[PDB]
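To start, the structure under review is shown below, and the notes come after it.
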Amino acid sequence: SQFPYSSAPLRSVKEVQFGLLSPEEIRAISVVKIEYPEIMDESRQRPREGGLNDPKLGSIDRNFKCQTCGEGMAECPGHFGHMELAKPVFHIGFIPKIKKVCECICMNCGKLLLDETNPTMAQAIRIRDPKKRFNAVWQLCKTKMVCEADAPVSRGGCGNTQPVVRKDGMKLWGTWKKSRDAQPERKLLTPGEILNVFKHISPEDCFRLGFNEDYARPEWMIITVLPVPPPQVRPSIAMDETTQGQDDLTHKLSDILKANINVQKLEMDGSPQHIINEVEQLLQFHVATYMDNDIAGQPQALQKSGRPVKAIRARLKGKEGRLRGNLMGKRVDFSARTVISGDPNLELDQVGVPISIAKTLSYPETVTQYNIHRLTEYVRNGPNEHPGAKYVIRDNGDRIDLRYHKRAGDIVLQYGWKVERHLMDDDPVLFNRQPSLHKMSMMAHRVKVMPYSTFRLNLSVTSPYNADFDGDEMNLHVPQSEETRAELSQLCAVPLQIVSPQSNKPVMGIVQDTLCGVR
Amino acid sequence: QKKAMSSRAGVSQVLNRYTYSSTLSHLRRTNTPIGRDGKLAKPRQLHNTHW
Amino acid sequence: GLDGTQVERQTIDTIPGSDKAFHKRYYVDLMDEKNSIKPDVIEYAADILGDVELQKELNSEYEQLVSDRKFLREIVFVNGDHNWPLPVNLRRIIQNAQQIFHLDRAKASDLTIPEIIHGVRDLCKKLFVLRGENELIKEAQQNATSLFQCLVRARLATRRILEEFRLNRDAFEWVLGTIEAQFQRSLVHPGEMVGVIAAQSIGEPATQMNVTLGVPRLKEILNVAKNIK
Amino acid sequence: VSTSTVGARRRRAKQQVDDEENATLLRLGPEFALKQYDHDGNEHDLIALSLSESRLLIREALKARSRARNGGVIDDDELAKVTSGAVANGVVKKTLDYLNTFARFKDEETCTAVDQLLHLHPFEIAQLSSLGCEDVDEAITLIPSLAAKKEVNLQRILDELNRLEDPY
Amino acid sequence: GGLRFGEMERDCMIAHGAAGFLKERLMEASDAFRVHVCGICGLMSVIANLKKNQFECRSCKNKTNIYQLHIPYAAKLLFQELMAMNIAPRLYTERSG
Amino acid sequence: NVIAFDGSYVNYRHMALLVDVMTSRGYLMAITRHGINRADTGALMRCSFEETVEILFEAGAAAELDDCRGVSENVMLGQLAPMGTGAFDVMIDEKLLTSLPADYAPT
Amino acid sequence: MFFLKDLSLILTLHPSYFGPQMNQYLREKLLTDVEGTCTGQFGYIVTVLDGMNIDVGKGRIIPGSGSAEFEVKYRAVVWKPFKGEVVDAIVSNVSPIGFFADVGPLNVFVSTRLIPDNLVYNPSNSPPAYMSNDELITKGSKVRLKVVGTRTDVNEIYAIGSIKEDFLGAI
Amino acid sequence: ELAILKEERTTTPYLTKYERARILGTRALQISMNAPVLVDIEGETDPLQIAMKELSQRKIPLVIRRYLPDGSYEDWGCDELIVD
RNA sequence: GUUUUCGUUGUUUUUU
Ligand SMILES: [Mg+2]
Ligand SMILES: [Zn+2]
Ligand SMILES: [Zn+2]
Ligand SMILES: [Zn+2]
């Protein structure tokens with residue numbers, strides 16, 4: 001409605017399908033190749049194209065527009081890049097699953113130790129769930145001493161004995177028990193070998209190893225390219241007002257990419273064996289810190305100041321992370337919080353609202369044939385008093401800053417325009433106290449615009465809140481649409497919360513002065 | 001500062017001069033830096049020896 | 001299928017009471033005037049005296065009440081308590097009828113016993129909770145309305161009607177209509193977040209506080225400790 | 001802007017060559033496949049119409065709409081003037097001219113007769129009726145999709161269609 | 001500062017049947033951005049330009065099966081780190097069934 | 001008995017719903033972190049509880065699908081919830097609109 | 001080849017536009033939006049058969065500014081060229097790069113390499129056309145051509161002709 | 001498979017408080033958008049009271065699609081769904 | 001010139 005015109009039809013998301021990301025699709029979304037750790041092209045604005053802060057990846061300021069989509073923050077949706085790893089690596093949350101998939105198939109032929117031939121494996125594969133069928137595949141693979149070249153009749157297997165797989169450091173090691181026990185040849189399981197065996201896996205095999213052919217792949221489970229976020233995600237964050245400290249994500253991406261270029265340099269130069277090992281492990285725990293700097297048993301990547309460096313894993317799990325602190329809990333507008341006071345002469349379903357709250361907080365009333373007179377009165381009255389418009393919203397979307405508008409009262413209202421009418425008396429508002437245990441702690445009170453900067457209430461309505469006027473802060477929320485006002489009046493009102501469903505009894509009664517008096 | 005981790009925080013604090021006692025009493029605190037690692041009431045509960 | 005605002009503690013009169021007292025409160029005796037309905041309250045005592053159709057009707061109602069007595073005292077409410085949260089405030093409805101239609105004095109009744117009996121049997125069916133035509137629909141209907149029908153019978157049996165408050169035409173008809181209306185307004189509204197309602201309604205009590213009770217036993221329940229402390 | 005009754009078709013990996021439309025290879029694209037469903041999912045075959053029958057249907061629809069607008073009260077241009085839009089008027093006039101210049105059968109009777117006669121794939125018979133032919137070798141030269149079926153059964157069809165051709 | 005709407009307040013509003021009220025608290029009173037996502041891949045992988053009226057899904061070459069979505073910006077962030085962790089949360093404006 | 005321990009009263013039906021949900025699947029279900037996370041619905045809830053990353057690893061490894069049927073999906077996508085006022089779809093109709101006087105005709 | 005498609009549309013109606021004949025208003029709005037527009041999935045939209053009996057379903061209300069969605073479903077005849085379409089056509093213009101054939105809403109483009117060797121430009125003869133032994137490609141003439149080019153261009157899909165095979169040209 | 005027949009409708013013949021709020025808000029927002037008025041107005045400048053009066057005589061052109069758990073739905077006209 | 005531009009880490013103490 002208020003958005004600029006877009007031919008794209010108005011629709012919502014009905015399903016969300018999970019899974020991994022293929023490197024081919026990673027480029028299919030990567031709007032630009034990123035290989036340069038260095039971000040600011042010449043330290044004179046216009047950051048490095050093809051770098052971590054590529055403007056092509058997006059714009060960051062008010063006037064600049066994203067070179068990809070053509071719009072700035074106003075419409076810039078963020079665009080992604082790709083950085084090709086010099087060598088395939090492991091995903092921090094899949095090493096146990098690397099061990100899992102290495103406990104099921106051949107190290108050379110890359111196929112399941114069995115098929116649906118045995119009844120146990122077949123019935124395991126009849127399970128609809130991928131993870132359960134694959135774990136039962138493991139549970140029956142452990143019933144066989146060797147990677148069967150035949151029936152425990154060749155199944156196309158390699159026949160080499162399955163190595164004892166262990167998460168040995170960042171990577172894994174497999175104790176091959178070759179031709180009572182041979183030399184234990186546990187070795188670095190280079191991700192190339194794992195890619196090979198995964199490619200050897202038949203679609204039927206990955207299906208019975210609990211995977212979808214069109215979707216998340218054990219091949220995708222091996223990282224070959226990393227995603228470079230849009231600069232909007234890790235913007236220039238002000239370390240001091242204007243001076244911006246580079247984002248932690250930017251720091252870590254730079255570290256990872258410089259390690260990757262070191263790895264790229266490991267080939268053409270003289271590399272006496274262990275140098276490649278050290279540089280590769282360097283790059284590896286840098287990437288790990290990209291997912292998770294909190295690797296157990298390791299001194300975490302830490303700032304030179306001494307504080308540890310963060311990761312994406314941290315901001316998604318916790319008490320107020322992404323989900324908790326920004327999605328299931330986030331701030332709202334047309335909301336106020338102030339002192340509460342007693343008003344014995346006030347009605348129960350009203351709160352004595354300060355003129356400051358009833359003025360700053362407002363409702364957008366659409367200009368109709370019946371409210372045209374009073375809405376025009378409000379507009380002409382002034383934005384710095386009550387009642388009065390402070391913004392008048394055009395039906396197309398245009399707004400007018402009444403206070404900064406030298407012709408504040410000269411806004412002739414069109415049927416379809418919206419006027420931010422200041423919160424009048426008897427305006428239904430959501431009423432909130434912290435903590436709020438019972439649903440009777442959310443109550444819709446009518447605003448009574450009356451002086452003083454407190455919330456004037458009835459005594460009886462305070463008892464269900466179990467609060468007092470020793471300085472408690474109370475929360476008021478102003479509806480911004482007709483649906484909201486109707487909902488407040490018919491499903492959240494003070495009179496609608498009189499009876500507690502808990503003890504199927506009223507929540508309220510006569511207390512204090514009134515109770516002693518009636519006695 | 002290099003060993004930012006494993007460092008005790010609060011042993012030195014800004015002196016309060018909101019009121020005169022906001023200094024005097026402020027100069028005669030004691031603290032038990034055990035931490036909420038295990039909640040317990042013994043670090044918080046008054047004891048007869050505190051008489 | 002009722003919301004937690006339409007049930008109230010109601011005492012089912014049948015459940016308590018000596019079987020002799022229960023009899024001399026519920027059973028009628030037309031042939032012998034000693035335990036009969038007094039002729040003053042009715043215009044048809046001569047019809048009542050010596051009639052058998054009325055006797056067999058009041059009988060069928062009596063053994064119906066006895067069946068209800070079994071149903072409650074042995075199955076539903078077994079040991080000591082007979083007051084339970086059930087819908088429709090019958091008491092206030094009866095008093096309202098009395099005060100609207102001036103049910104004082106000992107005026108004789110222009111309303112016959114078959115009217116009460118037919119009305120009660122009709123209203124027992126008129127109670128609607130689960131709608132539909134399948135047999136399980138009406139079975140669930142019976143399941144929902146069993147206690148309410150038993151309580152109404154414990155309150156609105158013809159004998160009590162006449163010997164205590166003698167509901168006239170208008171009184172009885174509006175009583176039936178109001179009972180039906182309140183019961184149909186007593187149904188749960190589909191769409192309630194009854195899970196979160198239960199969560200709050202259980203948690204808020206726990207927000208106030210040697211046998212394992214209170215928060216300890218709560219936590220044994222909630223963590224699902226394999227054995228309690 | 002415009003949706004369709006055909007949904008699903010999410011990002012899949014099992015790909016097929018049936019993505020570029022091609023008449024000689026009998027390709028109609030995924031949108032016009034063999035088994036399609038309408039808005040309510042009712043079973044129905046894809047509609048294929050010959051040029052002369054299409055001309056009769058469009059003419060009769062236009063005249064019916066005109067009479068419904070008149071509510072009680074034969075040229076291509078007046079019928080084309082039904083809709084709104086200069087470009088819409090241009091395209092409808094142009095397609096009516098295309099129908100007129102390429103309708104091998106003119107009036108209702110011969111088009112109806114060939115309609116019962118032509119009706120095994122409906123699309124191949126529809127394109128046989130639409131593609132005006134004179135004899136067998138011309139048909140096989142101009143139609144590579146009907147090379148061999150062990151029963152051509154087309155000389156009688158062409159003879160009758162030419163018997164139904166408009167003389168001039 | 002704005003009033004941080006606690007989760008228990010959300011729960012009590014849900015028990016209160018406040019769908020539109022809480023929605024506008026999260027839509028108009030909170031973050032709300034519109035984007036153009038693909039109908040084939042079901043991702044935000046679409047170069048979008050309203051003035052140009054061009055919406056090309058570089059992932060799937062999709063231009064006509066592109067849908068506009070007026071959803072909280074926090075949802076965009078969530079989708080972003082899900083992508084960044086090599087996870088593909090394929091939003092779908094349809095029902096697979 | 002626990003409710004009666006302090007002497008307070010709670011409605012029967014709600015905690016009856018509780019105990020039935022505890023038992024409606026034939027065994028005992030816990031409010032423990034993994035116990036609630038052992039569910040196999042849309043991960044958007046169990047991950048949002050705690051340890052989000054691990055649940056996402058399990059789901060992506062299974063390439064799961066979220067049908068956006070939970071109310072949490074609605075709130076973290078900012079649309080109408082399927083509850084109460086949203087437990088239906090109120091629609092502008094035609095049978096009752098036909099009763100209007102003809103002057104109300106859209107232009 | 002003329003193809004009948006179950007063409008549909010979705011209408012977002014302004015909230016002030018409610019009324020008794022609301023659905024009928026939808027009709028004309030559909031009529032003013034369906035025509036004059038092409039798409040790769042359907043092609044050139046030319047007509048909607050039975051436009052007075054269109055079914056939109058029970059209209060739905062948008063929970064918001066007051067708009068309404070209308071899933072206007074119907075049946076229509078919309079024309080679309082196909083690759084390999086060997087159909088008689090009428091040429092519109094003649095160019096050295098290739099003569100134009102206005103075949104429906106499109107205009108057939110003949111490539112430089114798809115012109116027969118016996119076809120030579122003679123601009124002097126009026127009208128500008130192509131002449132050969134029993135061959136005359138002029139305005140209003142029936143010349144058999146094969147549409148070999150089909151690319152979606154959101155507003156109109158172009159058709160490219162081919163006259164470089166056996167039994168092609170003028171009948 | 002979608003619409004439960006009006007006679008097959010096995011749910012309450014009465015409007016619900018949630019339905020009350022939705023219908024009132026929708027109708028009042030409509031008339032606020034200068035939509036046609038289905039009742040009379042005396043002094044009800046705010047559209048909410050007009051929608052309330054519409055609901056009083058139940059002259060409201062809306063229909064409730066009460067979704068069944070199995071997936072089906074029941075369509076209830078305002079004027080046929082009894083006042084509650 | 002309609003309009004029009006501040007932030008975070010960490011630390012302490014706090015608030016029914
Ligand atoms: Mg307080
Ligand atoms: Zn952008
Ligand atoms: Zn092998
Ligand atoms: Zn796509």
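As shown in the structure tokens, the chain order sets the letters A, B, ...; within each chain, residues go from 1, and ligands are also counted from 1 in the order they appear.
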Next item on the list: With only C-alpha atoms (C1' of nucleotides) and all ligand atoms counted, collect every polymer residue having an atom within 7 Å of ligand 3; state the result as a PyMOL selection string.
Entry: chain A and resi 106-111+157-160
Next item on the list: Determine, counting only C-alpha atoms (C1' of nucleotides), which protein, DNA and RNA residues have an atom within 12 Å of an atom of residue 1 of chain I; residues of the same chain fewer than 3 positions away are not included. Present the result as a VMD selection string.
Entry: (chain A and resid 404 to 405) or (chain I and resid 4)
Now that the selection is made, can you save its residues with N, CA, C and O atoms (P, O5', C5', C4', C3', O3' and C1' of nucleotides) as a PDB file, in the first residue's frame?
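Final output, saved to selection15.pdb:
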ATOM      1  N   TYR A 404       7.498  21.342  11.336  1.00  0.00           N
ATOM      2  CA  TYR A 404       8.382  22.022  10.396  1.00  0.00           C
ATOM      3  C   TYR A 404       7.612  22.659   9.248  1.00  0.00           C
ATOM      4  O   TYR A 404       8.202  23.403   8.456  1.00  0.00           O
ATOM      5  N   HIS A 405       6.315  22.383   9.140  1.00  0.00           N
ATOM      6  CA  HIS A 405       5.504  22.923   8.058  1.00  0.00           C
ATOM      7  C   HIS A 405       5.001  24.311   8.435  1.00  0.00           C
ATOM      8  O   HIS A 405       4.192  24.457   9.358  1.00  0.00           O
TER       9      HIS A 405
ATOM     10  P     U I   4      12.424  14.447   8.112  1.00  0.00           P
ATOM     11  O5'   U I   4      13.991  14.739   8.061  1.00  0.00           O
ATOM     12  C5'   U I   4      14.847  14.015   7.187  1.00  0.00           C
ATOM     13  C4'   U I   4      16.167  14.721   6.998  1.00  0.00           C
ATOM     14  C3'   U I   4      17.037  14.844   8.239  1.00  0.00           C
ATOM     15  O3'   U I   4      17.781  13.669   8.507  1.00  0.00           O
ATOM     16  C1'   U I   4      16.918  16.940   7.158  1.00  0.00           C
TER      17        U I   4
END
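With distances taken over only C-alpha atoms, F:15 is the one residue among F:59, F:15, F:96, F:65 lying closest to chain C.
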Checklist line | Backbone-only DSSP, strand (DSSP E or B) members of chain F, as a PyMOL selection string | finding: chain F and resi 65-66+91-92
N, CA and C atoms of the current selection, written as a short mmCIF file (atom, residue, chain, number, x, y, z; two decimals), in the first residue's frame:
data_model
loop_
_atom_site.label_atom_id
_atom_site.label_comp_id
_atom_site.auth_asym_id
_atom_site.auth_seq_id
_atom_site.Cartn_x
_atom_site.Cartn_y
_atom_site.Cartn_z
N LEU F 65 11.32 -29.31 5.69
CA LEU F 65 10.41 -28.31 5.16
C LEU F 65 9.55 -27.77 6.30
N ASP F 66 9.45 -26.45 6.39
CA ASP F 66 8.58 -25.79 7.35
C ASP F 66 7.35 -25.28 6.62
N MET F 91 -14.69 -12.94 4.50
CA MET F 91 -14.65 -12.68 3.07
C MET F 91 -15.78 -11.73 2.69
N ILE F 92 -15.50 -10.80 1.78
CA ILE F 92 -16.56 -10.03 1.15
C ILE F 92 -17.32 -10.96 0.21
#
Give me, as JSON lines, the closest atom pair and its distance (Å, one decimal) for every residue of chain G within a cut-off of 12 Å of chain H, counting only C-alpha atoms, rows sorted by chain and rising number.
{"residue": "G:13", "atom": "CA", "partner": "H:35", "partner_atom": "CA", "distance": 11.9}
{"residue": "G:14", "atom": "CA", "partner": "H:33", "partner_atom": "CA", "distance": 8.8}
{"residue": "G:15", "atom": "CA", "partner": "H:33", "partner_atom": "CA", "distance": 5.9}
{"residue": "G:16", "atom": "CA", "partner": "H:35", "partner_atom": "CA", "distance": 4.6}
{"residue": "G:17", "atom": "CA", "partner": "H:35", "partner_atom": "CA", "distance": 6.7}
{"residue": "G:18", "atom": "CA", "partner": "H:35", "partner_atom": "CA", "distance": 5.9}
{"residue": "G:19", "atom": "CA", "partner": "H:36", "partner_atom": "CA", "distance": 6.8}
{"residue": "G:20", "atom": "CA", "partner": "H:36", "partner_atom": "CA", "distance": 9.7}
{"residue": "G:22", "atom": "CA", "partner": "H:36", "partner_atom": "CA", "distance": 11.4}
{"residue": "G:57", "atom": "CA", "partner": "H:3", "partner_atom": "CA", "distance": 11.9}
{"residue": "G:58", "atom": "CA", "partner": "H:63", "partner_atom": "CA", "distance": 9.0}
{"residue": "G:59", "atom": "CA", "partner": "H:62", "partner_atom": "CA", "distance": 9.6}
{"residue": "G:60", "atom": "CA", "partner": "H:62", "partner_atom": "CA", "distance": 9.3}
{"residue": "G:61", "atom": "CA", "partner": "H:26", "partner_atom": "CA", "distance": 8.4}
{"residue": "G:62", "atom": "CA", "partner": "H:26", "partner_atom": "CA", "distance": 9.2}
{"residue": "G:63", "atom": "CA", "partner": "H:26", "partner_atom": "CA", "distance": 7.6}
{"residue": "G:64", "atom": "CA", "partner": "H:26", "partner_atom": "CA", "distance": 8.6}
{"residue": "G:65", "atom": "CA", "partner": "H:29", "partner_atom": "CA", "distance": 7.7}
{"residue": "G:66", "atom": "CA", "partner": "H:30", "partner_atom": "CA", "distance": 5.9}
{"residue": "G:67", "atom": "CA", "partner": "H:30", "partner_atom": "CA", "distance": 8.8}
{"residue": "G:68", "atom": "CA", "partner": "H:30", "partner_atom": "CA", "distance": 10.5}
Next item on the list: With only C-alpha atoms (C1' of nucleotides) and all ligand atoms counted, collect every polymer residue having an atom within 7 Å of ligand 1; state the result as a PyMOL selection string.
Entry: (chain A and resi 467-468+470-473) or (chain I and resi 16)
Generate the output file for the selected residues, N, CA, C and O atoms (P, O5', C5', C4', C3', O3' and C1' of nucleotides), as a PDB file, in the first residue's frame.
ATOM      1  N   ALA A 467       0.230  -4.373  41.791  1.00  0.00           N
ATOM      2  CA  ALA A 467       1.221  -3.311  41.755  1.00  0.00           C
ATOM      3  C   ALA A 467       0.766  -2.151  42.628  1.00  0.00           C
ATOM      4  O   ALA A 467      -0.349  -2.142  43.157  1.00  0.00           O
ATOM      5  N   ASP A 468       1.644  -1.161  42.771  1.00  0.00           N
ATOM      6  CA  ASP A 468       1.394  -0.035  43.658  1.00  0.00           C
ATOM      7  C   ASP A 468       1.981   1.224  43.031  1.00  0.00           C
ATOM      8  O   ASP A 468       2.545   1.195  41.934  1.00  0.00           O
ATOM      9  N   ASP A 470       4.485   3.083  44.222  1.00  0.00           N
ATOM     10  CA  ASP A 470       5.783   3.390  44.808  1.00  0.00           C
ATOM     11  C   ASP A 470       6.824   3.600  43.717  1.00  0.00           C
ATOM     12  O   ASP A 470       8.016   3.366  43.932  1.00  0.00           O
ATOM     13  N   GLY A 471       6.385   4.030  42.535  1.00  0.00           N
ATOM     14  CA  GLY A 471       7.301   4.345  41.459  1.00  0.00           C
ATOM     15  C   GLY A 471       7.274   3.366  40.306  1.00  0.00           C
ATOM     16  O   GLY A 471       8.223   3.307  39.518  1.00  0.00           O
ATOM     17  N   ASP A 472       6.201   2.589  40.188  1.00  0.00           N
ATOM     18  CA  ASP A 472       6.147   1.582  39.138  1.00  0.00           C
ATOM     19  C   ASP A 472       5.963   2.232  37.773  1.00  0.00           C
ATOM     20  O   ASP A 472       5.222   3.206  37.622  1.00  0.00           O
ATOM     21  N   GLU A 473       6.649   1.679  36.778  1.00  0.00           N
ATOM     22  CA  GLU A 473       6.538   2.117  35.396  1.00  0.00           C
ATOM     23  C   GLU A 473       5.569   1.206  34.660  1.00  0.00           C
ATOM     24  O   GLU A 473       5.638  -0.023  34.776  1.00  0.00           O
TER      25      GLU A 473
ATOM     26  P     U I  16      11.791  -0.679  42.806  1.00  0.00           P
ATOM     27  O5'   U I  16      10.484   0.019  43.390  1.00  0.00           O
ATOM     28  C5'   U I  16       9.830  -0.506  44.536  1.00  0.00           C
ATOM     29  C4'   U I  16       8.685  -1.405  44.147  1.00  0.00           C
ATOM     30  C3'   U I  16       8.964  -2.898  44.174  1.00  0.00           C
ATOM     31  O3'   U I  16       8.881  -3.453  45.475  1.00  0.00           O
ATOM     32  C1'   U I  16       7.879  -2.338  42.154  1.00  0.00           C
TER      33        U I  16
END
Give me, as JSON lines, each residue of chain A that comes within 9 Å of ligand 2, together with its shortest interatomic pair and the distance in Å at one decimal, counting only C-alpha atoms and all ligand atoms, with rows ordered by chain and rising residue number.
{"residue": "A:56", "atom": "CA", "partner": "ligand 2", "partner_atom_place_in_ligand_line": "1 (Zn)", "distance": 8.5}
{"residue": "A:57", "atom": "CA", "partner": "ligand 2", "partner_atom_place_in_ligand_line": "1 (Zn)", "distance": 7.5}
{"residue": "A:58", "atom": "CA", "partner": "ligand 2", "partner_atom_place_in_ligand_line": "1 (Zn)", "distance": 5.4}
{"residue": "A:59", "atom": "CA", "partner": "ligand 2", "partner_atom_place_in_ligand_line": "1 (Zn)", "distance": 7.2}
{"residue": "A:65", "atom": "CA", "partner": "ligand 2", "partner_atom_place_in_ligand_line": "1 (Zn)", "distance": 7.5}
{"residue": "A:66", "atom": "CA", "partner": "ligand 2", "partner_atom_place_in_ligand_line": "1 (Zn)", "distance": 4.7}
{"residue": "A:67", "atom": "CA", "partner": "ligand 2", "partner_atom_place_in_ligand_line": "1 (Zn)", "distance": 7.2}
{"residue": "A:68", "atom": "CA", "partner": "ligand 2", "partner_atom_place_in_ligand_line": "1 (Zn)", "distance": 5.8}
{"residue": "A:69", "atom": "CA", "partner": "ligand 2", "partner_atom_place_in_ligand_line": "1 (Zn)", "distance": 4.3}
{"residue": "A:70", "atom": "CA", "partner": "ligand 2", "partner_atom_place_in_ligand_line": "1 (Zn)", "distance": 6.5}
{"residue": "A:71", "atom": "CA", "partner": "ligand 2", "partner_atom_place_in_ligand_line": "1 (Zn)", "distance": 5.8}
{"residue": "A:72", "atom": "CA", "partner": "ligand 2", "partner_atom_place_in_ligand_line": "1 (Zn)", "distance": 6.5}
{"residue": "A:73", "atom": "CA", "partner": "ligand 2", "partner_atom_place_in_ligand_line": "1 (Zn)", "distance": 7.7}
{"residue": "A:75", "atom": "CA", "partner": "ligand 2", "partner_atom_place_in_ligand_line": "1 (Zn)", "distance": 6.5}
{"residue": "A:76", "atom": "CA", "partner": "ligand 2", "partner_atom_place_in_ligand_line": "1 (Zn)", "distance": 3.2}
{"residue": "A:77", "atom": "CA", "partner": "ligand 2", "partner_atom_place_in_ligand_line": "1 (Zn)", "distance": 4.4}
{"residue": "A:78", "atom": "CA", "partner": "ligand 2", "partner_atom_place_in_ligand_line": "1 (Zn)", "distance": 4.8}
{"residue": "A:79", "atom": "CA", "partner": "ligand 2", "partner_atom_place_in_ligand_line": "1 (Zn)", "distance": 6.0}
{"residue": "A:230", "atom": "CA", "partner": "ligand 2", "partner_atom_place_in_ligand_line": "1 (Zn)", "distance": 8.8}
Closest atom pairs, segment 46-69 of chain H residues within 12 Å of segment 190-212 of chain C, only C-alpha atoms, as a tab-separated table:
residue	atom	partner	partner_atom	distance
H:66	CA	C:190	CA	9.2
H:67	CA	C:191	CA	10.0
H:68	CA	C:190	CA	10.2
H:69	CA	C:191	CA	10.9
Notebook entry, point to check: ligand 4: which residues are within 12 Å, counting only C-alpha atoms (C1' of nucleotides) and all ligand atoms, as a PyMOL selection string?
Noted result: (chain A and resi 25-26+28-29) or (chain D and resi 9-12) or (chain E and resi 36-47+55-67+88+90-92)
Note to self: Applying 8 Å and only C-alpha atoms (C1' of nucleotides), which residues near residue 109 of chain G remain after dropping the ones on its own chain fewer than 6 positions away? List them as a list in words.
What the structure shows: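 The filter keeps residues 98, 99, 100, 101, 158, 159, 160 and 161 of chain G.
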Residues as selected, N, CA, C and O atoms, written as a compact mmCIF listing (two decimals), in the first residue's frame, can you do that?
# COMPACT_ATOMS: atom_id res chain seq x y z
N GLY G 98 16.10 -8.59 -44.78
CA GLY G 98 15.04 -9.57 -44.68
C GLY G 98 13.66 -8.93 -44.69
O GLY G 98 13.42 -7.95 -43.98
N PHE G 99 12.75 -9.49 -45.49
CA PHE G 99 11.42 -8.92 -45.62
C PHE G 99 10.61 -9.14 -44.35
O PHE G 99 10.72 -10.18 -43.69
N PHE G 100 9.79 -8.15 -44.00
CA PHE G 100 8.94 -8.23 -42.82
C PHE G 100 7.59 -8.85 -43.18
O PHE G 100 7.00 -8.51 -44.21
N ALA G 101 7.11 -9.75 -42.33
CA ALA G 101 5.81 -10.40 -42.51
C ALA G 101 5.00 -10.16 -41.24
O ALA G 101 5.26 -10.76 -40.20
N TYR G 158 9.23 -12.36 -30.41
CA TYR G 158 9.51 -12.20 -31.83
C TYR G 158 9.46 -13.55 -32.55
O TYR G 158 9.70 -14.60 -31.95
N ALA G 159 9.15 -13.50 -33.84
CA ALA G 159 9.13 -14.67 -34.70
C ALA G 159 10.10 -14.45 -35.86
O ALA G 159 10.06 -13.39 -36.51
N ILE G 160 10.96 -15.42 -36.11
CA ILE G 160 11.93 -15.37 -37.20
C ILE G 160 11.56 -16.43 -38.23
O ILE G 160 11.36 -17.60 -37.88
N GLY G 161 11.47 -16.02 -39.50
CA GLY G 161 11.08 -16.94 -40.55
C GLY G 161 12.26 -17.63 -41.21
O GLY G 161 13.41 -17.21 -41.09
